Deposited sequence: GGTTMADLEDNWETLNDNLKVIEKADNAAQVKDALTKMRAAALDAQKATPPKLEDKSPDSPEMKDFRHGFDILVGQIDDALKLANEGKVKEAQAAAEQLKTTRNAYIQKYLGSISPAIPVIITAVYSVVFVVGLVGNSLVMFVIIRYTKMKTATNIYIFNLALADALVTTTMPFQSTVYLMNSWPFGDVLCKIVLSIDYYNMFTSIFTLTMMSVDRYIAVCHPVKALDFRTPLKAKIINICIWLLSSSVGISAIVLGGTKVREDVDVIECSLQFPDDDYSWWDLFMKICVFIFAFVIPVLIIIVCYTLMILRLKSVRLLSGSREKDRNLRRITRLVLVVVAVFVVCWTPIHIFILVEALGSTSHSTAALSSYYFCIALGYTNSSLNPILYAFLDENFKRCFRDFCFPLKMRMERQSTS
């Protein structure tokens, strides 16, 4: 309403500090345990490591978001821009696709037990991550070639596209990211875990109910974290691209939604590894 601004940017810089350290320490701790003690000979630990590694590299980009919000410019050239963007995108899909194949692995484990023998092997887990490496590297190479700086008096770092001939490939790219990094994931992880519980509910007394309650609570939480963290920023980006506004509160809310996306990566070590009944022991 007035000239004096509220200390919201200080609060934002403080949340970023928590999410950054919690995420960087957490995921570095998980990898350390797997490298020095578990040796990742099982398919389970292979997923846990690759998720921890992807979430460890996504938090690496986080201080750049923090800095850009407060400075309101990218003065570090196109060379760093291309690097920071590619790391931010590549490991976003590597984080979300590993997270989704864990859902598919747990789904096949219960619903296709004979297939589980031929799918939940250390080799198969490795191949699945080699595929997740390829699918992400496509966006990674795209971020290295298209990433750059634009003068449109505050310097911006983003994927640069030609504006000629009523082009809309900036919007188009965002819709592809929205469906392959949120829509098909959310739906795959919702369908897989729902069908998984439905299978266990269809088993015929206290032992079944004890596991069903523990698993349903776990399932609700893991997807709740993915929905609570990615839904705000995916919608914000998509609506800003279809429209929106560039206010102070609108800029503050955007980087708060950015922080939520990084929160998913910071909670994954606690939600999947420091809750794994095999990783604790």
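Colleague: Extract from the deposited sequence all ranges with no corresponding C-alpha coordinates, numbering residues from 1.
Modeller: Residues missing from the model, as numbered along the full deposited sequence, span 1-110, 263-265, 318-321, 361, 400-418.
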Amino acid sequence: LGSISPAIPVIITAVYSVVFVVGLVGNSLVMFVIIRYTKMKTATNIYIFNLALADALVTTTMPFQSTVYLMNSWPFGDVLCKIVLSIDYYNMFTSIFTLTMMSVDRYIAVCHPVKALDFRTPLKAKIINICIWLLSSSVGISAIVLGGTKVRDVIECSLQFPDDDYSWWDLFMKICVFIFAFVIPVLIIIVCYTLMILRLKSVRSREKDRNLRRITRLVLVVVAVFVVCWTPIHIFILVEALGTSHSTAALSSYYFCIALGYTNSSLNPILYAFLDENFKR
From here on, numbers count along this sequence of modelled residues.
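Colleague: On mean Cα temperature factor in this entry, is 4-12 or 272-280 the higher one?
Modeller: The deposited B-factors put 272-280 ahead on the C-alpha mean.
Colleague: Per the record, averaged over C-alpha atoms, which has the higher B-factor: 164-172 or 124-132?
Modeller: Mean CA B-factor is higher for 164-172.
Colleague: Tell me, please, which of 189, 110, 183, 151 has the highest C-alpha B factor according to the deposited entry?
Modeller: Top of the list by C-alpha B-factor: 151.
Colleague: Among 92, 99, 117, 203, which residue carries the highest C-alpha B-factor recorded in the PDB entry?
Modeller: Of the candidates given, the C-alpha B-factor peaks at 203.
Colleague: By the record's CA B-factor, is residue 81 among the lowest, middle or highest third of residues in the chain?
Modeller: Ranked within chain, residue 81 CA B lands in the middle tercile.
Colleague: Lowest, middle or highest third of the chain for the C-alpha temperature factor of residue 142?
Modeller: Middle third by C-alpha B-factor.
Colleague: Quick one: classify residue 47 as lowest, middle or highest third of the chain based on its Cα B-factor.
Modeller: As the PDB entry reports it, the C-alpha B-factor of residue 47 lands in the lowest third of its chain.
Colleague: In terms of the chain's CA B-factor thirds, is residue 63 lowest, middle or highest?
Modeller: CA B-factor rank for residue 63: lowest third.
Colleague: When the deposited Cα B-factors of this chain's modelled residues are ordered and cut into thirds, is residue 199 in the lowest, the middle or the highest one?
Modeller: Within its chain, residue 199 is a middle-third residue by C-alpha B-factor, going by the deposited values.
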